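A.B. asks: Structure incoming, see below.
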Amino acid sequence: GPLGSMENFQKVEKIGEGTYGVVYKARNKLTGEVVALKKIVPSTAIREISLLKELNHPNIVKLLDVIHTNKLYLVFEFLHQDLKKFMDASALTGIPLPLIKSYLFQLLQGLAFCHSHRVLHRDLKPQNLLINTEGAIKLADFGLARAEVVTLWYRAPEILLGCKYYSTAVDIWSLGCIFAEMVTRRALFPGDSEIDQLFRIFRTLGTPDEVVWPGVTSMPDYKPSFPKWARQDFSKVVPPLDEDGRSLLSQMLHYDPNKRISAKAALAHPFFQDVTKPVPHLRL
Ligand SMILES: CNC(=O)c1ccc(-c2ccc(F)c(C(=O)Nc3c[nH]nc3C(=O)N[C@H]3CC[C@@H](N)CC3)c2F)cc1
């Protein structure tokens, strides 16, 4: 790419770096706006990101600009905290349920929007769910169809079993995993290898078979030698979540992508009958 087109940005600080790339806080030297800068060119990707520029929703971190100068910079609306840090800060008391429920409701709204345009996130985790002082939560760093050890903790089972053409249901799984983690203050399935991840899922939800998941035994990475564990009861998995919450979570964690609840159906679940939008206690 050419030169000088990032001149208009002053790096304020490195936020972090990982498999995604590098993320900075920066100020536009001419408009004064404070933004997040992601540093990473294919055309398969250039038109994929351009689609995301048009994918605007109050629960999606706005993509402001895309700048190619051996580097691709994406410019994002800046947010002051992520859900992981807020979870850790909240660990002694827990996030109050009404806040958990608001955050879950909002992310399902954002996902419902993305999914209605057939856009998948693919890599939801607490670290890319961004929050502000007003009680909003937003989806960040959408994963591309092509594209510091990647975590598997939120990866859906069909991905782990070798599905090549997976669906929006993978985001519902990831979010159910995050929901459970907000409630219990412990990761649900903290696998440290692909098989440890699969087997942690199997040990809680039961080893899947053709009864609960038609087609599972023909999946590319399925092996008949998989151990057969019995399912645990949910009341043991996420206490003290109430029965509405457990019901919704059970549907977000169905093995069969065709049974897993959609984002739109989840919004209608009775768990949200009393949803509100509380203010978080954020110390910045
Ligand atoms: C262990 N780490 C991870 O797994 C992980 C870590 C970062 C990412 C990631 C990758 C590419 C991105 F474009 C974005 C992104 O869009 N970021 C933002 C957009 N607007 N504001 C921000 C922002 O980062 N704000 C900070 C949040 C809390 C800080 N305390 C202070 C400000 C992103 F967040 C993905 C995974």
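Residue numbers start at 1 in each chain; chains themselves are named A, B, ... in the order of the structure tokens; ligands are numbered from 1 in the order shown.
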With only C-alpha atoms and all ligand atoms counted and 10 Å as the cut-off, give the residues of chain A in contact with ligand 1, each with its shortest interatomic distance in Å and the pair that gives it, as a tab-separated table.
C.D. replies:
```
residue	atom	partner	partner_atom_place_in_ligand_line	distance
A:13	CA	ligand 1	31 (C)	9.5
A:14	CA	ligand 1	32 (C)	9.4
A:15	CA	ligand 1	26 (C)	6.2
A:16	CA	ligand 1	7 (C)	6.4
A:17	CA	ligand 1	6 (C)	7.0
A:18	CA	ligand 1	5 (C)	6.7
A:19	CA	ligand 1	36 (C)	7.7
A:20	CA	ligand 1	10 (C)	5.2
A:21	CA	ligand 1	11 (C)	6.7
A:22	CA	ligand 1	11 (C)	7.2
A:23	CA	ligand 1	12 (C)	6.0
A:24	CA	ligand 1	24 (O)	7.4
A:25	CA	ligand 1	32 (C)	7.1
A:34	CA	ligand 1	21 (N)	9.5
A:35	CA	ligand 1	20 (N)	6.6
A:36	CA	ligand 1	20 (N)	4.8
A:37	CA	ligand 1	13 (F)	6.7
A:38	CA	ligand 1	13 (F)	4.8
A:39	CA	ligand 1	13 (F)	8.2
A:40	CA	ligand 1	11 (C)	9.3
A:60	CA	ligand 1	16 (O)	9.6
A:61	CA	ligand 1	19 (C)	6.3
A:62	CA	ligand 1	19 (C)	8.1
A:63	CA	ligand 1	16 (O)	8.3
A:73	CA	ligand 1	13 (F)	9.2
A:74	CA	ligand 1	13 (F)	6.9
A:75	CA	ligand 1	13 (F)	7.7
A:76	CA	ligand 1	19 (C)	5.2
A:77	CA	ligand 1	20 (N)	4.9
A:78	CA	ligand 1	20 (N)	3.5
A:79	CA	ligand 1	21 (N)	4.0
A:80	CA	ligand 1	32 (C)	4.5
A:81	CA	ligand 1	28 (C)	3.6
A:82	CA	ligand 1	28 (C)	4.7
A:83	CA	ligand 1	28 (C)	8.3
A:84	CA	ligand 1	1 (C)	8.4
A:85	CA	ligand 1	30 (N)	7.1
A:86	CA	ligand 1	28 (C)	9.1
A:123	CA	ligand 1	36 (C)	8.8
A:124	CA	ligand 1	36 (C)	8.8
A:125	CA	ligand 1	4 (O)	7.1
A:126	CA	ligand 1	4 (O)	7.6
A:127	CA	ligand 1	5 (C)	4.7
A:128	CA	ligand 1	34 (F)	4.6
A:129	CA	ligand 1	34 (F)	7.3
A:130	CA	ligand 1	27 (C)	6.3
A:131	CA	ligand 1	27 (C)	8.0
A:132	CA	ligand 1	27 (C)	9.6
A:138	CA	ligand 1	19 (C)	9.2
A:139	CA	ligand 1	16 (O)	8.3
A:140	CA	ligand 1	16 (O)	4.8
A:141	CA	ligand 1	12 (C)	4.6
A:142	CA	ligand 1	11 (C)	8.1
A:143	CA	ligand 1	11 (C)	9.4
A:148	CA	ligand 1	1 (C)	7.8
A:149	CA	ligand 1	4 (O)	9.2
A:150	CA	ligand 1	4 (O)	7.8
A:151	CA	ligand 1	4 (O)	7.7
A:284	CA	ligand 1	30 (N)	8.1
```
A.B. asks: Mind dumping the selected residues with C-alpha atoms as a compact mmCIF listing (two decimals), in the first residue's frame?
C.D. replies:
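Saved the output as again_35.txt:
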```txt
# COMPACT_ATOMS: atom_id res chain seq x y z
CA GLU A 13 -1.41 3.76 23.65
CA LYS A 14 -1.14 0.13 22.67
CA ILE A 15 -4.26 -1.59 24.00
CA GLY A 16 -3.05 -5.10 23.22
CA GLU A 17 -1.90 -7.56 20.58
CA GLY A 18 -2.89 -11.11 19.76
CA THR A 19 -3.99 -13.38 16.95
CA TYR A 20 -6.23 -10.57 15.68
CA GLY A 21 -3.33 -8.14 15.23
CA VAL A 22 -2.51 -5.03 17.22
CA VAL A 23 -5.07 -2.68 18.75
CA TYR A 24 -4.32 0.93 19.66
CA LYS A 25 -6.16 3.83 21.18
CA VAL A 34 -10.78 9.21 19.98
CA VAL A 35 -10.89 5.80 18.26
CA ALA A 36 -9.59 2.26 18.41
CA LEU A 37 -7.15 1.29 15.65
CA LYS A 38 -6.74 -2.34 14.65
CA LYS A 39 -3.51 -3.06 12.77
CA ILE A 40 -3.12 -6.09 10.52
CA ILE A 60 -22.10 -3.58 17.05
CA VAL A 61 -18.90 -1.58 17.48
CA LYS A 62 -19.08 0.86 14.58
CA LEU A 63 -16.44 0.38 11.89
CA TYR A 73 -5.86 -0.45 9.65
CA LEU A 74 -9.49 -0.65 10.73
CA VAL A 75 -10.80 2.35 12.65
CA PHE A 76 -13.50 1.59 15.24
CA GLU A 77 -15.62 3.55 17.67
CA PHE A 78 -13.76 3.49 20.98
CA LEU A 79 -15.18 1.87 24.13
CA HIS A 80 -13.62 2.05 27.55
CA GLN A 81 -13.89 -1.51 28.92
CA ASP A 82 -14.41 -5.09 27.84
CA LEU A 83 -16.53 -7.76 29.46
CA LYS A 84 -13.57 -9.87 30.59
CA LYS A 85 -12.06 -7.09 32.69
CA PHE A 86 -15.52 -6.19 34.03
CA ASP A 123 -15.31 -15.87 17.57
CA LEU A 124 -17.36 -14.36 20.41
CA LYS A 125 -15.53 -14.18 23.73
CA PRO A 126 -15.66 -11.86 26.73
CA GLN A 127 -12.57 -10.02 25.45
CA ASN A 128 -14.33 -8.73 22.34
CA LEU A 129 -17.60 -7.70 24.04
CA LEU A 130 -17.12 -3.97 24.77
CA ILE A 131 -19.09 -1.93 27.33
CA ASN A 132 -19.64 1.78 28.15
CA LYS A 138 -21.35 -4.22 21.76
CA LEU A 139 -19.94 -6.94 19.50
CA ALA A 140 -16.35 -6.28 18.35
CA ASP A 141 -13.78 -7.95 16.07
CA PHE A 142 -15.98 -9.98 13.79
CA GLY A 143 -14.21 -13.01 12.41
CA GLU A 148 -1.31 -15.67 22.16
CA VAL A 149 -2.92 -19.09 21.70
CA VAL A 150 -6.50 -18.88 20.38
CA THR A 151 -8.96 -19.94 23.05
CA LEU A 284 -12.13 3.81 34.29
```
A.B. asks: Per residue of region 107-172 of chain A within 9 Å of region 262-282 of chain A, note the shortest atom pair and the distance in Å to one decimal, counting only C-alpha atoms, and order the rows by chain and increasing residue number, as a tab-separated table.
C.D. replies:
```
residue	atom	partner	partner_atom	distance
A:107	CA	A:263	CA	8.9
A:108	CA	A:263	CA	5.3
A:109	CA	A:263	CA	7.2
A:110	CA	A:263	CA	8.8
A:111	CA	A:263	CA	6.2
A:112	CA	A:263	CA	4.9
A:113	CA	A:263	CA	8.7
A:115	CA	A:263	CA	8.0
A:131	CA	A:280	CA	8.9
A:132	CA	A:282	CA	8.0
A:133	CA	A:282	CA	6.4
A:134	CA	A:279	CA	5.7
A:135	CA	A:279	CA	4.8
A:136	CA	A:277	CA	8.1
A:168	CA	A:262	CA	8.1
A:169	CA	A:262	CA	6.8
A:171	CA	A:263	CA	9.0
A:172	CA	A:263	CA	6.8
```
A.B. asks: Can you list, as a list in words, every protein, DNA or RNA residue that comes within 9 Å of region 3-5 of chain A when you count only C-alpha atoms, leaving out same-chain residues fewer than 3 positions away?
C.D. replies: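 Everything that qualifies: residues 8, 9, 67, 68 and 69 of chain A.
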A.B. asks: Please list as a ChimeraX atom specification every residue within 10 Å of residue 147 (chain A), counting only C-alpha atoms and excluding residues in the same chain fewer than 5 positions away.
C.D. replies: /A:20,42,44-45
A.B. asks: Please extract the residues of region 63-248 of chain A with a backbone DSSP assignment of strand (DSSP E or B) and present them as a list in words.
C.D. replies: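 The strand (DSSP E or B) subset of region 63-248 of chain A is residues 63, 64, 65, 66, 67, 68, 72, 73, 74, 75, 76, 77, 81, 82, 129, 130, 131, 137, 138 and 139 of chain A.
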A.B. asks: Would you write out those residues with N, CA and C atoms, as a PDB file, in the first residue's frame?
C.D. replies:
```
ATOM      1  N   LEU A  63     -17.650   0.288  12.699  1.00  0.00           N
ATOM      2  CA  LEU A  63     -16.441   0.384  11.891  1.00  0.00           C
ATOM      3  C   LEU A  63     -16.467   1.733  11.178  1.00  0.00           C
ATOM      4  N   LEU A  64     -15.546   2.626  11.568  1.00  0.00           N
ATOM      5  CA  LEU A  64     -15.526   3.994  11.063  1.00  0.00           C
ATOM      6  C   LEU A  64     -14.842   4.090   9.705  1.00  0.00           C
ATOM      7  N   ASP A  65     -13.696   3.425   9.533  1.00  0.00           N
ATOM      8  CA  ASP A  65     -12.901   3.560   8.318  1.00  0.00           C
ATOM      9  C   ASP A  65     -11.994   2.354   8.154  1.00  0.00           C
ATOM     10  N   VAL A  66     -11.508   2.179   6.923  1.00  0.00           N
ATOM     11  CA  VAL A  66     -10.587   1.110   6.538  1.00  0.00           C
ATOM     12  C   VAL A  66      -9.481   1.755   5.705  1.00  0.00           C
ATOM     13  N   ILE A  67      -8.232   1.588   6.131  1.00  0.00           N
ATOM     14  CA  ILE A  67      -7.119   2.358   5.589  1.00  0.00           C
ATOM     15  C   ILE A  67      -5.986   1.402   5.290  1.00  0.00           C
ATOM     16  N   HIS A  68      -5.604   1.320   4.024  1.00  0.00           N
ATOM     17  CA  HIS A  68      -4.512   0.472   3.563  1.00  0.00           C
ATOM     18  C   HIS A  68      -3.320   1.353   3.207  1.00  0.00           C
ATOM     19  N   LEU A  72      -2.979  -3.055   7.016  1.00  0.00           N
ATOM     20  CA  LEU A  72      -4.381  -2.668   6.932  1.00  0.00           C
ATOM     21  C   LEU A  72      -4.842  -2.235   8.315  1.00  0.00           C
ATOM     22  N   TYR A  73      -5.341  -1.003   8.410  1.00  0.00           N
ATOM     23  CA  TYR A  73      -5.860  -0.446   9.647  1.00  0.00           C
ATOM     24  C   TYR A  73      -7.370  -0.373   9.556  1.00  0.00           C
ATOM     25  N   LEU A  74      -8.059  -0.887  10.568  1.00  0.00           N
ATOM     26  CA  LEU A  74      -9.487  -0.649  10.730  1.00  0.00           C
ATOM     27  C   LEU A  74      -9.696   0.307  11.893  1.00  0.00           C
ATOM     28  N   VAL A  75     -10.528   1.315  11.669  1.00  0.00           N
ATOM     29  CA  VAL A  75     -10.804   2.353  12.654  1.00  0.00           C
ATOM     30  C   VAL A  75     -12.194   2.105  13.223  1.00  0.00           C
ATOM     31  N   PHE A  76     -12.281   1.992  14.547  1.00  0.00           N
ATOM     32  CA  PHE A  76     -13.497   1.592  15.242  1.00  0.00           C
ATOM     33  C   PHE A  76     -13.892   2.651  16.261  1.00  0.00           C
ATOM     34  N   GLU A  77     -15.193   2.776  16.513  1.00  0.00           N
ATOM     35  CA  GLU A  77     -15.620   3.550  17.670  1.00  0.00           C
ATOM     36  C   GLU A  77     -14.952   3.006  18.934  1.00  0.00           C
ATOM     37  N   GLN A  81     -14.151  -0.282  28.184  1.00  0.00           N
ATOM     38  CA  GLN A  81     -13.887  -1.514  28.920  1.00  0.00           C
ATOM     39  C   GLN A  81     -14.404  -2.697  28.119  1.00  0.00           C
ATOM     40  N   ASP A  82     -13.873  -3.874  28.426  1.00  0.00           N
ATOM     41  CA  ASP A  82     -14.412  -5.094  27.844  1.00  0.00           C
ATOM     42  C   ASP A  82     -14.998  -5.979  28.936  1.00  0.00           C
ATOM     43  N   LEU A 129     -16.314  -8.304  23.720  1.00  0.00           N
ATOM     44  CA  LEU A 129     -17.603  -7.698  24.038  1.00  0.00           C
ATOM     45  C   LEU A 129     -17.291  -6.429  24.824  1.00  0.00           C
ATOM     46  N   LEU A 130     -17.586  -5.257  24.248  1.00  0.00           N
ATOM     47  CA  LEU A 130     -17.122  -3.973  24.773  1.00  0.00           C
ATOM     48  C   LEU A 130     -18.287  -3.247  25.430  1.00  0.00           C
ATOM     49  N   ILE A 131     -18.025  -2.565  26.559  1.00  0.00           N
ATOM     50  CA  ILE A 131     -19.088  -1.929  27.334  1.00  0.00           C
ATOM     51  C   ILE A 131     -18.768  -0.449  27.586  1.00  0.00           C
ATOM     52  N   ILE A 137     -23.644  -2.791  25.604  1.00  0.00           N
ATOM     53  CA  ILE A 137     -22.603  -3.771  25.308  1.00  0.00           C
ATOM     54  C   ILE A 137     -22.630  -4.034  23.807  1.00  0.00           C
ATOM     55  N   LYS A 138     -21.451  -4.221  23.211  1.00  0.00           N
ATOM     56  CA  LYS A 138     -21.346  -4.224  21.755  1.00  0.00           C
ATOM     57  C   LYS A 138     -20.421  -5.335  21.292  1.00  0.00           C
ATOM     58  N   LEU A 139     -20.745  -5.898  20.129  1.00  0.00           N
ATOM     59  CA  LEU A 139     -19.943  -6.942  19.501  1.00  0.00           C
ATOM     60  C   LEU A 139     -18.784  -6.320  18.728  1.00  0.00           C
TER      61      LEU A 139
END
```
A.B. asks: So that each row is one residue of region 97-189 of chain A with an atom at most 10 Å from region 232-237 of chain A, can you give its shortest atom pair and the distance in Å to one decimal, using only C-alpha atoms, rows by chain and rising number, as a Markdown table?
C.D. replies:
```
| residue | atom | partner | partner_atom | distance |
| --- | --- | --- | --- | --- |
| A:180 | CA | A:237 | CA | 8.4 |
| A:184 | CA | A:237 | CA | 8.7 |
| A:188 | CA | A:237 | CA | 8.2 |
```
A.B. asks: Keeping C-alpha atoms, export the residues of the selection given above as a short mmCIF file (atom, residue, chain, number, x, y, z; two decimals), in the first residue's frame.
C.D. replies:
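Okay, this is what ended up in out.cif:
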```cif
data_model
loop_
_atom_site.label_atom_id
_atom_site.label_comp_id
_atom_site.auth_asym_id
_atom_site.auth_seq_id
_atom_site.Cartn_x
_atom_site.Cartn_y
_atom_site.Cartn_z
CA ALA A 180 -23.02 -19.26 31.95
CA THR A 184 -21.15 -18.58 37.77
CA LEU A 188 -18.03 -23.15 31.40
#
```
